[PDB]
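> Take a look at this one; I'll ask things after.
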2 protein chains.
Amino acid sequence: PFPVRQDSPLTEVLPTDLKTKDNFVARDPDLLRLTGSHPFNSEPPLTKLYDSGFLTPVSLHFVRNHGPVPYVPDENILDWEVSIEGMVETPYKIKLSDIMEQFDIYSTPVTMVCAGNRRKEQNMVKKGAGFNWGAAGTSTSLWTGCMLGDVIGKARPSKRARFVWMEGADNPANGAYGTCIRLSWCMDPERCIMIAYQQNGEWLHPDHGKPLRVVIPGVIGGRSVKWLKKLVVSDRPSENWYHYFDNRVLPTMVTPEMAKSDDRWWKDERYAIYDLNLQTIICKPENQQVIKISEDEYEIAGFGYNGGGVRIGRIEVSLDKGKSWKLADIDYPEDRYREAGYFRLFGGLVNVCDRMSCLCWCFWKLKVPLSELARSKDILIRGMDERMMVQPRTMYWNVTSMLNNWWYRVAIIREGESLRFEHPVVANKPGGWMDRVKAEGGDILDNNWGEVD
Amino acid sequence: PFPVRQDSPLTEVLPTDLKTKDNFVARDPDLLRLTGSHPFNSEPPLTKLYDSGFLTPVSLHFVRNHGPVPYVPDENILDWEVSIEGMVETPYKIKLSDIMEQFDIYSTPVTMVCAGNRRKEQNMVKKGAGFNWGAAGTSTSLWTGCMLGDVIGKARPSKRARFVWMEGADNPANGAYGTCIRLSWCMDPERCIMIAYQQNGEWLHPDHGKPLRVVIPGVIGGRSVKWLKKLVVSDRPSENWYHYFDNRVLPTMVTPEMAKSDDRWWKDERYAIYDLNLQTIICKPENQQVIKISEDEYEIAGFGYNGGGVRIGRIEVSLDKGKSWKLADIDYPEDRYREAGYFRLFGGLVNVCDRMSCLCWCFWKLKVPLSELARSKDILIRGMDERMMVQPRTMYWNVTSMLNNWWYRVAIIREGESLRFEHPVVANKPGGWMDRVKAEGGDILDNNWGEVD
Ligand code: MTV
Ligand code: MTV
């Protein structure tokens, strides 16, 4: 009735991982390494992400590890303990077995996305402090677990409390990875924030937080803390190093030099990222794909996602550099779950039907004549949400190069009787229109995306 | 400790109103008529809106009446009845006196804004179906009343219910003005949706819904139904004519001719406006203001507002056509109320302190050297919210020309030793850079805002 998937979890640790601190972690070879062999930060290839459909296989899900994966022995897992302390009436410590036994379990489709997705495009303009991501720093899954809200609810947060700090078990360079989320979001059924212990029917792979993680829909991955150990109800935001010095969109005029040499650019919550911005990405045609000109339709296609559970109302494609726009047909598989009423899946209640929010990505398609693309220099795509907030033409360059959501552009190159298509960049190799434009010497932030007229 | 204001309510009915169906309505002469003498749709002049500060005087508050104001005798007011029916357990009818006596009362600062604000700018490009608004289709007030949520709560909405229809007592051309809002927004303390019977300490003026109206913060005025009579809890959106055929941002490529000749462009909720988009507006320098060049700072200034209670994180000004940007200093008087804890005002609880949302506009300032403006063709301004959603460069032209939130541009005209400044348009007269550009024959949607280089 709606998408469901569980695959075989991988066994083979790859030679590259055998040589590394994560020597016990079986990882899909198709994932594209972005900080070398370790720590593991990866995205699937864009075509495999799209071709997988609404649900990304666990093994192709993107990984973002700031440091090494903490070793977790399966024969002890159920006793994995999490601490609920802070501005509560009744602090307590709960183990996973007791999470499972005492709280209502749900299973829920959730798009995850990294703050960094589409970062390389920023890097091509001006190299910042972050490693390249392509456009596939997103993956969608079914997550099974309880509601953070219920766990936190049980300790009786005080009236002055505003934030739930989360802290993991891992040990990145600057210590335990930790950040926070707002308390009332935890309490809001529409946001549906979980403590998850399964993903696409399987107990968590180590890269995805085994045994236990927070998953915060409509919010950057950065706030979905893996290998969860502490939850601290508080009146103010986290003071973890990783809350301050990562996952912020600093004002465009702030330079890497200014941010290195002034701590307090990082100490204003106004630049701290929670809810994602609206992104739309073109997947068909693919990077470097060639197609013979004819009188036929080609189905341009992609996906889009948004923040705060706000639905994307329209996706629009221009072949004339944004002078005119064509309305794409959007598909929202989350509505399949919504339409379907209550189900039990992987031992959890499927209750999207209780909500109106869009916690997941969606897919769009638009057929145009190959002959219309023949007369075009590019495909552009943008989305607008139900707040009538649209993606910008202009790039918002920022130090961490996060949340880069300016219109995604695929260049159309005429070659005799065919067309070749270039995406902006490939995640870990050259091969995009941006690579070309750098060789030509174009200013990518000019009004023609750095190209010649 | 925070802004408070109550003024004398006006008595004098103006000659123009004496001649009209609204012959009993005392109206401020400084307001600018936008559909002639009647129905009354007006905005204050931009400088008076800004100069009034955080709280707009009631008399200068903007009015949007689709038709005539229903006559309400003060000596009966308390018995004004409202009907709570629909998918509830216990339908009931409550009169105002009993609203006041039985529900908790609150007093709350709320920015209102019309869907149509900044519409003329769209009209200058291509004339649509809506009457010109300038940039002052917004006003901020203290509103006193109960929570829609509590009223609706008392009837016990059913589990399948998703929407609260609202219907007024007035009789526009197509009958009772009605629309809706989502039920869970009604239940959400952060949204803080009221049934208000006072405004800046005074019982409601007739233009603002006397005796009773809904006020929905962070949402377009259109959903804040005046002269309230029915509330209908329902599983699906309103079917009022005014819900369908007003207050929608139809896809840009949809023409007035296509929308006239196809009903169903208006029957997709995805284009129905609720939460406002992010707007920033420049108020200083004013329209046509002249200033002598010197080595002095000038304080560029304005306001901004956003939807869904999402704070505006940054306001940025460019003097170089958006190549570089300067960070403005934002002031948020709503935080004054937040910081201040619990108070009683006009018989209502001031409890912004309970919330983290921004339901109100904010003010920004930026000092630049007059000599830097001297070398510029324009001031541009944009904002970005805490969802890292920024206003667009590009205009989103649409049939009703609503929610036009592309960067607001003030042209700088060099005249010997002074500078003259032109805002895009004046609400009800010529006098802007857009008027000039139309006389020159410029394409306002081109990359130089229709101007010559
Ligand atoms: N404990 C912990 N350590 C991390 O380094 C860590 N990184 C995260 C980021 S930062 Mo980003 O907004 O820079 S995307 C993202 C993800 C991704 O989870 P995945 O690896 O399961 O896809 O989990 C977040 N949770 C974390 N939790
Ligand atoms: N009963 C009723 N009739 C209206 O014509 C009507 N118009 C509204 C609109 S449509 Mo717009 O998004 O086209 S701004 C706006 C306002 C403005 O209220 P004000 O006149 O008190 O400022 O109230 C809304 N509520 C209404 N209520």
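When we count neighbours, we look across all protein chains shown, and the Cβ atoms used for this are built from the backbone with ideal geometry, even at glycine. Every number in this text was worked out from the coordinates using simple rules, so none of it is lab data.
> Grab the beta carbon distance between A:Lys267 and A:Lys367, set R0 = 41 Å, and tell me the FRET efficiency rounded to 0.05.
The computed FRET efficiency comes out at 0.25.
> Shifting gears a bit: Provide the descending list of Cα extents for segment B:234-359 along its principal axes, expressed in whole angstroms.
So the extents along the principal axes, rounded to whole Å, are 58, 45, 25.
> Further, regarding this structure: How many angstrom lie between the C-alpha centres of segment A:271-316 and segment B:122-159?
32
> Compactness ratio of chain A: Cα Rg over 2.2 N^0.38 Å, N = residue count?
For chain A, the normalised Cα radius of gyration is 0.97.
> Return, ordered by residue number, the residues of segment A:374-404 whose backbone nitrogen is under 16 Å from a label point located 7 Å along Cα→Cβ of B:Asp320.
What the label zone holds, given the 16 Å backbone N cut-off, is A:395-398.
> Applying a 10 Å radius around every beta-carbon, put A:374-383, A:65-74 in order of their mean neighbour count, most first.
Result, highest mean first: A:374-383, A:65-74.
> I would also like to ask the following. When each copy gets a label point 7 Å from Cα toward the beta-carbon at B:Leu445, what are the spacings between them in nm, shortest first?
2.7
> Decide, for the protein assembly as shown, between rounded, prolate and oblate: order the square roots of the alpha carbon gyration tensor eigenvalues as a ≥ b ≥ c, take rounded if a/c falls under 1.5, and otherwise choose prolate if a/b is larger than b/c, else oblate.
oblate
> Count neighbours as other Cβ atoms within 10 Å of each site's Cβ, and list the GluC sites (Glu not before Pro) in segment B:364-453 that are DSSP loop with at most 14 such neighbours.
B:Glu417
> Using a simple charge model, +1 on the beta-carbon of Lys and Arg, -1 on the beta-carbon of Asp and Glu, nothing else, what dipole does segment B:275-441 show about its Cα centre, in debye to the nearest 20?
340
> Hey, another quick one. Picking from B:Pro91, B:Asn117, B:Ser184, whose Cα lies most toward the positive end of the charge dipole for segment B:14-274 (charges on Cβ: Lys, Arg +1; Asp, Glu -1)?
Result: B:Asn117.
> Roughly how big is the protein assembly as shown's charge dipole about its Cα centre, with Cβ charges of +1 (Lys, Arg) and -1 (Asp, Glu), in debye to the nearest 20?
About 260 debye.
> Follow-up. Under a straight-distance cross-link criterion of Cα-Cα below 23 Å, which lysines are reachable from A:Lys48, leaving out those fewer than 8 residues away in the same chain?
A:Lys120, A:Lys284, A:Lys365, A:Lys367, A:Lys429
> Rg and Dmax of segment A:129-265 over Cα atoms: what are they, in angstrom?
Cα only, segment A:129-265: 15.9, 46 Å (Rg, Dmax).
> Please state the relative contact order of chain A as a whole percent: Cα pairs under 8 Å, 6+ residues apart?
Over chain A, the number comes to 17 percent.
> Order B:126-132, A:113-119 from most to least packed using the mean count of other Cβ atoms within 10 Å.
A:113-119, B:126-132
> As I understand it, the dipole of the protein assembly as shown uses +1 on the Cβ of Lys and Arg and -1 on the Cβ of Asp and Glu, about the Cα centre. Which of A:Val452, A:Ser324, A:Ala129 lies farthest toward its positive end?
It is A:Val452.
> List, in the order given, every pair from B:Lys19/B:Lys230; A:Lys19/A:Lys93; B:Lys21/B:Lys210 whose Cα-Cα distance in the structure shown is over 25 Å.
Violating the 25 Å Cα-Cα cut-off are B:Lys19/B:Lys230; A:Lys19/A:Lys93.
> Still on this structure, please answer the following. Would you give the gap between the C-alpha center of segment A:1-80 and the C-alpha center of segment B:405-421, rounded to a whole Å?
If we compute the Cα centre of each part, the gap is 55 Å.
> List, shortest first and in nm to one decimal, how far the label point of A:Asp104 (7 Å from Cα along Cα→Cβ) is from its counterparts in the other copies.
Copy-to-copy label distances for A:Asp104: 2.3 nm.
> I would also like to ask the following. Residue farthest toward the positive end of the dipole of segment A:14-274, with Cβ of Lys/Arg at +1 and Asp/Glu at -1: which of A:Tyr106, A:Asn247, A:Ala173?
A:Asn247
> Count the net charge of all other residues whose Cβ sits under 9 Å from the Cβ of A:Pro369, scoring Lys and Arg as +1 and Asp and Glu as -1.
On the way: positive: A:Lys367; negative: A:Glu295, A:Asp296, A:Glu297, A:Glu372.
Cβ neighbours under 9 Å give a net charge of -3.
> Something else now. How many nanometers, to one decimal and shortest first, lie between the label point of B:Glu297 and those of its other copies, if labels sit 7 Å from Cα toward Cβ?
Inter-copy label distances (nm, one decimal, shortest first): 6.0.
> Percent relative contact order of segment B:301-380, based on C-alpha pairs within less than 8 angstrom and at least six residues apart?
Averaging sequence separation for qualifying contacts and normalising by length gives 43 percent for segment B:301-380.
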